[PDB]
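Every residue, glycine among them, receives a Cβ derived from its backbone with ideal geometry; neighbour counts consider all protein chains shown. All of the numbers you see were taken from the coordinates with simple rules; none came from a lab.
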Amino acid sequence: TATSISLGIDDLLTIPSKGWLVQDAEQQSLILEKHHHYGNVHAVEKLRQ
Amino acid sequence: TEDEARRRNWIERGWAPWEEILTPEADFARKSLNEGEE
């Protein structure tokens, strides 16, 4: 009670590098989806990736 | 057999082994996937 732990929007801390990592995964997915359309990878390879 | 069916496809269905000009990525995909997975 005396310390009074609470919970705000700011306290819900995401690690600094999430934006870098999500953008990298998005880029690799985008390139693979293009080459799937070209016929360079098959549908199971796209599914696994 | 796989001689009459090929002839049937040519005569009845108009099959022909037309050339496919592939990119290096498509050429690699067909040559490597015949060996396995990884």
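Mind checking B:27-38 for the average number of partner chain beta-carbons within 10 Å of each residue's beta-carbon?
Taking the mean over all residues of the peptide, I get 1.
Ranking A:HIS36, A:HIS42 by Cβ neighbours within 10 Å, fewest first, what do you get?
A:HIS42, A:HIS36
Need one value for A:39-45: mean number of C-beta atoms belonging to other chains within 10 Å of its residues' C-beta atoms.
Going residue by residue through A:39-45 and averaging, the value is 4.
Go ahead and estimate [θ] at 222 nm for chain A from helices alone: -39,500 (n - 2.57) per DSSP H run with n ≥ 4, summed, over the residue count, rounded to 500.
Helix contribution divided over all residues of chain A: -17500 deg cm²/dmol.
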